[PDB]
Every structure is written in structure tokens, then in C-alpha cells.
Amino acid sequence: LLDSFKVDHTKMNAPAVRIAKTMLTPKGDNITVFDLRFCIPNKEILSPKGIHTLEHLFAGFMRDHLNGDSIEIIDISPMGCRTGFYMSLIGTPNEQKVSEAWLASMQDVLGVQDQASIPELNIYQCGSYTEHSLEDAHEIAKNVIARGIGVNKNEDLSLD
């Protein structure tokens, strides 16, 4: 039933941006959900601590590069399969705009030099404060920068 079950994962490129779905609010406003695929499904996977550290940094940097007059990010969360993130937002930016904000966000991640520099890693502001790894996050960022970010279109991912 779920939309992610209707797309062929063996045909996905990664790192890559895919518009998962678009929705219209009652009054006619647009909501878009993006599949930010970091890893090749079933060939690569992010570590639990790395994806957690990346989530903190990424949810902040993506908002820095993407929020504006026509865009308001609703939520950015890691996928259970740990091969990427889902980003939902008010607005209708295309894959290119999203991929360029993602790329700049990876450079930003690399700019975060030490874990001790991340303020919110304590029992008051984080749910599992010791479940972190800036090193894994740095490694993921460098890998995305080195591989480049492509695009996946639902039309080319049909399942029979």
C-alpha cells in the first residue's frame, strides 16, 4: 500500500534525489516529500550512530540552504533502512534545487571539526546523546561529495 513499496529499489541511483510525492492541502497549497537517497539500496547502508549525527547536522544545514519565501521545511528524518532521509516541505522546489542544497550541506558537515563542538549532545537536548559518530558523518559527507548527487524519477522506477 505504502508509496515506497511501488518503486523498484534495484533501479535507484545513489547518492540521488527523488520526488517521492506531491500533495495539495484543502485550500490548494503544495506539499512535497523528497527521498534523499544516500546509499545504493541493499549494497550500502549508513551506521546507526552516523545517521543520527548526520540527522542533527543535516536537518539544520538543509534548512539554512533551503528555507525561504517559497519554501518551508516541515521535517527531515532518517529512513528505517538507513540508506537515506525523507524530507517533507511546503513548496515545490525541483530535484536540482534540493540536490544543490544537499551538496552545500555536506560541505557544512565537513566544516564541523569536533563532536565536542556540537552543543545539543547532552541528556537535556537529545534522546540518545551517546549514540553519535561525527567520524561516520564526515565519511558519509565526503563520499556524497566524491560521488556527486544524481536524480531518480518515479517514471523510471516502475515495478512489474
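In case it trips you up, residue 1 is the first one in the sequence shown, and so on.
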| query | finding |
| --- | --- |
| 45-53 or 109-117, whichever carries the higher mean Cα B-factor | 109-117 |
| 120-128 versus 33-41 - which carries the larger mean C-alpha B factor in the record | 120-128 |
| Chain third (lowest, middle, highest) by recorded CA B-factor, residue given as residue 27 | highest |
| Chain-wide C-alpha B factor ranking for residue 138, given as lowest, middle or highest third | lowest |
| Ranked against its chain, the third holding the CA B-factor of residue 69 | highest |
